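To keep things clear, I will list the structure first and then write my remarks on it.
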Amino acid sequence: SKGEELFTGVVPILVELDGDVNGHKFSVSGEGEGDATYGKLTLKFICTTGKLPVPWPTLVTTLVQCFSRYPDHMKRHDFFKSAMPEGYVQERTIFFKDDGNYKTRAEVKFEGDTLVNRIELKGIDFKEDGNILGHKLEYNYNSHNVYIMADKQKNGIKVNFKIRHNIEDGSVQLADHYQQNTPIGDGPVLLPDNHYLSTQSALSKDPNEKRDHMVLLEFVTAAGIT
Ligand code: NA
């Protein structure tokens, strides 16, 4: 409705994250655009503090599900856009198997015509020689499904899914994601029936960019109903 009409065209996106993983502090700034009509996201992220101390793929999920394409028949299940423009809080705990965890809190809302994702990330219990702090993950990203359920008690949603990061030896580093989103405003939101978002992502590098960075192209579509 009101929220849905804010995404019918191309919307500029800004992402700002401050992180601390095992005491390694860093900041990331991202810019790009989203076109929910095609579930399309294009963004470029920059580590503004120097070298990123964790692998870029591990930050992908943290670094705007309101850009998902919801088929017309599923639009009544789109919580994310319904919370706009006031926005929502997105919180996650990401458990890296046999390693540490990230806890994140983000506020996603409009500032003017720009969709902004402001994030604080805290990582603890990482192994200094593990796949994360040791940078043993390939610079790529597998397709992932996100499973969404209503959470009535918080007037929001609960989300869970698995991400499998590719290790450079051919193995896999699992990152189990637990997520909750709650509206910032007190207006009504769409509480959905169970469904999922199917996402595909491609990571690349800007050949003229010398700062540590990540270019991302992502397509996201809601599914699972009718
Ligand atoms: Na402890």
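Residue numbers start at 1 in each chain; chains themselves are named A, B, ... in the order of the structure tokens; ligands are numbered from 1 in the order shown.
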
Original post:
Given a cut-off of 12 Å, what residues near ligand 1 show up using only C-alpha atoms and all ligand atoms, put as number ranges by chain?
Top reply: A: 22, 100-101, 123-126

**OP:** DSSP on the backbone, then: every residue of region 98-219 of chain A marked strand (DSSP E), written as a VMD selection string.
**Re:** chain A and resid 101 to 111 114 to 124 144 to 151 156 to 166 172 to 183 195 to 204 213 to 219

Original post:
What does the distance from CA of residue 149 (chain A) to CA of residue 182 (chain A) come to in Å, to one decimal?
Top reply: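 Distance between the two atoms: 12.4 Å.
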
Subject >> For region 80-85 of chain A: contacts at 7 Å, only C-alpha atoms, fewer than 2 positions along chain excluded, given as an MDAnalysis selection string >> reply: chainID A and resid 3:4 65:66 78 87:88 109:110 183 189:190

Now that the selection is made, can you save its residues with N, CA and C atoms as a short mmCIF file (atom, residue, chain, number, x, y, z; two decimals), in the first residue's frame?
data_model
loop_
_atom_site.label_atom_id
_atom_site.label_comp_id
_atom_site.auth_asym_id
_atom_site.auth_seq_id
_atom_site.Cartn_x
_atom_site.Cartn_y
_atom_site.Cartn_z
N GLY A 3 3.62 1.67 1.83
CA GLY A 3 4.98 1.18 1.72
C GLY A 3 5.28 0.64 0.31
N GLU A 4 4.40 -0.21 -0.21
CA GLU A 4 4.60 -0.78 -1.53
C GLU A 4 4.82 0.27 -2.64
N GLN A 65 15.94 -6.38 2.58
CA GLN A 65 15.00 -7.35 2.04
C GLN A 65 13.72 -6.70 1.55
N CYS A 66 13.56 -5.42 1.80
CA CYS A 66 12.44 -4.66 1.22
C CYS A 66 12.61 -4.58 -0.32
N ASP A 78 4.21 -9.24 2.29
CA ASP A 78 5.48 -8.46 2.26
C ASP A 78 5.60 -7.51 3.45
N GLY A 87 10.17 2.32 8.74
CA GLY A 87 11.23 1.30 8.75
C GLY A 87 11.11 0.17 9.73
N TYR A 88 12.16 -0.64 9.81
CA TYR A 88 12.17 -1.73 10.75
C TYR A 88 13.57 -1.93 11.31
N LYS A 109 15.41 2.14 6.91
CA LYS A 109 14.28 3.11 6.75
C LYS A 109 14.62 4.09 5.65
N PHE A 110 13.64 4.89 5.25
CA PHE A 110 13.93 5.91 4.28
C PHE A 110 14.45 7.21 4.95
N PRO A 183 8.83 -3.58 13.48
CA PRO A 183 8.66 -2.23 12.97
C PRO A 183 9.13 -1.09 13.87
N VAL A 189 1.46 -3.32 9.94
CA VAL A 189 2.38 -4.01 9.03
C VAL A 189 1.69 -5.29 8.59
N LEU A 190 2.19 -5.86 7.49
CA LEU A 190 1.68 -7.14 6.98
C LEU A 190 2.42 -8.29 7.67
#

**OP:** Could you tell me which of A:9, A:187, A:156, A:130 comes closest to residue 89 (chain A) if we count only C-alpha atoms?
**Re:** A:156

**OP:** Using DSSP on the backbone coordinates, identify all residues within region 13-99 of chain A classified as helix (DSSP H, G or I); present the result as an MDAnalysis selection string.
**Re:** chainID A and resid 36:38 56:59 65:67 72:77 79:82

I'd like a table as a tab-separated table: residues in region 52-109 of chain A with an atom no more than 7 Å from region 201-221 of chain A, each row giving the shortest atom pair and its distance in Å to one decimal, only C-alpha atoms counted, sorted by chain and rising residue number.
residue	atom	partner	partner_atom	distance
A:52	CA	A:212	CA	6.7
A:56	CA	A:214	CA	6.8
A:68	CA	A:220	CA	4.9
A:69	CA	A:221	CA	4.7
A:70	CA	A:221	CA	6.1

**OP:** For residue 224 (chain A), list every protein, DNA or RNA residue within 12 Å, evaluated using only C-alpha atoms, and leave out those in the same chain fewer than 5 positions away; present the list as an MDAnalysis selection string.
**Re:** chainID A and resid 70:71 73:74 77 145:149 192:198

Could you take the residues named above and write them with C-alpha atoms, as an mmCIF file, in the first residue's frame?
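Below is the file that was written, result_18.cif:
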data_model
loop_
_atom_site.group_PDB
_atom_site.id
_atom_site.type_symbol
_atom_site.label_atom_id
_atom_site.label_comp_id
_atom_site.auth_asym_id
_atom_site.auth_seq_id
_atom_site.Cartn_x
_atom_site.Cartn_y
_atom_site.Cartn_z
ATOM 1 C CA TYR A 70 6.974 -10.266 -4.220
ATOM 2 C CA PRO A 71 4.752 -11.799 -6.912
ATOM 3 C CA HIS A 73 -0.461 -12.827 -5.483
ATOM 4 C CA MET A 74 1.933 -12.785 -2.510
ATOM 5 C CA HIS A 77 2.841 -11.182 2.780
ATOM 6 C CA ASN A 145 16.713 -19.357 0.558
ATOM 7 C CA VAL A 146 15.534 -17.275 3.571
ATOM 8 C CA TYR A 147 12.540 -18.766 5.517
ATOM 9 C CA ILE A 148 10.106 -16.279 6.973
ATOM 10 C CA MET A 149 7.413 -16.663 9.592
ATOM 11 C CA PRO A 192 2.913 -13.084 6.600
ATOM 12 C CA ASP A 193 2.038 -16.669 6.172
ATOM 13 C CA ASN A 194 5.193 -18.844 6.022
ATOM 14 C CA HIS A 195 7.123 -18.373 2.822
ATOM 15 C CA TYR A 196 10.694 -17.855 1.613
ATOM 16 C CA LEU A 197 12.864 -15.554 -0.389
ATOM 17 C CA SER A 198 15.119 -17.117 -3.031
#

Original post:
Which is closer to residue 120 (chain A) than all the others in A:49, A:173, A:27, A:166, using only C-alpha atoms?
Top reply: A:27

Original post:
Between CA of residue 96 (chain A) and CA of residue 181 (chain A), what is the distance, to one decimal in Å?
Top reply: 21.0 Å

Subject >> Nearby residues (only C-alpha atoms) at most 10 Å from residue 57 (chain A), same-chain spacing under 6 positions excluded, as a PyMOL selection string >> reply: chain A and resi 132+137-142+165-166+203+214

Selection to disk with N, CA, C and O atoms, as a PDB file, in the first residue's frame:
ATOM      1  N   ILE A 132      37.546 -17.468   9.140  1.00  0.00           N
ATOM      2  CA  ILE A 132      37.122 -16.075   9.074  1.00  0.00           C
ATOM      3  C   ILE A 132      38.299 -15.132   9.301  1.00  0.00           C
ATOM      4  O   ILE A 132      38.717 -14.432   8.372  1.00  0.00           O
ATOM      5  N   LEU A 137      38.233 -17.986   2.996  1.00  0.00           N
ATOM      6  CA  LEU A 137      37.002 -18.181   2.230  1.00  0.00           C
ATOM      7  C   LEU A 137      37.104 -17.637   0.813  1.00  0.00           C
ATOM      8  O   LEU A 137      37.679 -16.567   0.583  1.00  0.00           O
ATOM      9  N   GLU A 138      36.558 -18.378  -0.145  1.00  0.00           N
ATOM     10  CA  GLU A 138      36.568 -17.919  -1.527  1.00  0.00           C
ATOM     11  C   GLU A 138      35.726 -16.667  -1.716  1.00  0.00           C
ATOM     12  O   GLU A 138      34.758 -16.442  -0.982  1.00  0.00           O
ATOM     13  N   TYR A 139      36.125 -15.852  -2.695  1.00  0.00           N
ATOM     14  CA  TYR A 139      35.388 -14.597  -2.977  1.00  0.00           C
ATOM     15  C   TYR A 139      34.296 -14.938  -3.998  1.00  0.00           C
ATOM     16  O   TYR A 139      34.430 -14.720  -5.211  1.00  0.00           O
ATOM     17  N   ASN A 140      33.240 -15.534  -3.477  1.00  0.00           N
ATOM     18  CA  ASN A 140      32.082 -15.937  -4.258  1.00  0.00           C
ATOM     19  C   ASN A 140      30.879 -16.123  -3.336  1.00  0.00           C
ATOM     20  O   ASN A 140      30.986 -15.902  -2.105  1.00  0.00           O
ATOM     21  N   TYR A 141      29.732 -16.528  -3.874  1.00  0.00           N
ATOM     22  CA  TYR A 141      28.570 -16.614  -2.988  1.00  0.00           C
ATOM     23  C   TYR A 141      27.533 -17.551  -3.613  1.00  0.00           C
ATOM     24  O   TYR A 141      27.169 -17.418  -4.802  1.00  0.00           O
ATOM     25  N   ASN A 142      27.077 -18.516  -2.825  1.00  0.00           N
ATOM     26  CA  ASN A 142      26.090 -19.458  -3.315  1.00  0.00           C
ATOM     27  C   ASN A 142      24.680 -18.933  -3.157  1.00  0.00           C
ATOM     28  O   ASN A 142      24.424 -18.043  -2.374  1.00  0.00           O
ATOM     29  N   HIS A 165      29.494 -20.848   3.078  1.00  0.00           N
ATOM     30  CA  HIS A 165      30.605 -20.123   2.472  1.00  0.00           C
ATOM     31  C   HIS A 165      31.600 -21.166   1.954  1.00  0.00           C
ATOM     32  O   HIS A 165      31.879 -22.170   2.618  1.00  0.00           O
ATOM     33  N   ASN A 166      32.153 -20.915   0.792  1.00  0.00           N
ATOM     34  CA  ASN A 166      33.116 -21.855   0.222  1.00  0.00           C
ATOM     35  C   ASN A 166      34.492 -21.649   0.780  1.00  0.00           C
ATOM     36  O   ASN A 166      34.989 -20.534   0.729  1.00  0.00           O
ATOM     37  N   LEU A 203      29.487 -11.716  -6.688  1.00  0.00           N
ATOM     38  CA  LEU A 203      30.462 -10.789  -6.147  1.00  0.00           C
ATOM     39  C   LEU A 203      31.527 -10.496  -7.184  1.00  0.00           C
ATOM     40  O   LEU A 203      31.975 -11.386  -7.896  1.00  0.00           O
ATOM     41  N   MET A 214      33.871  -4.465  -2.276  1.00  0.00           N
ATOM     42  CA  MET A 214      33.079  -5.550  -2.841  1.00  0.00           C
ATOM     43  C   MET A 214      31.978  -4.992  -3.718  1.00  0.00           C
ATOM     44  O   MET A 214      31.216  -4.092  -3.244  1.00  0.00           O
TER      45      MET A 214
END

Subject >> Option closest in space to residue 136 (chain A), from A:47, A:167, A:54, A:191 [counting only C-alpha atoms] >> reply: A:167

**OP:** Would you list the contacts of residue 111 (chain A) as a PyMOL selection string, taking every protein, DNA or RNA residue within 10 Å and counting only C-alpha atoms, but skipping same-chain residues closer than 4 positions in sequence?
**Re:** chain A and resi 13-14+85-86+115-116

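Minimum atom-to-atom distance to residue 106 (chain A), evaluated using only C-alpha atoms, belongs to A:62 out of A:42, A:200, A:62, A:37.
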
Original post:
CA of residue 102 (chain A) and CA of residue 179 (chain A), how far apart in Å?
Top reply: 11.7 Å

Original post:
Out of A:186, A:5, A:91, A:169, which residue has the shortest atom-to-atom distance to residue 157 (chain A) when counting only C-alpha atoms?
Top reply: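 Smallest separation from residue 157 (chain A) among the options: A:91.
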
Original post:
Of the candidates A:97, A:2, A:44, A:103, which one gets nearest to residue 164 (chain A) if we count only C-alpha atoms?
Top reply: A:97
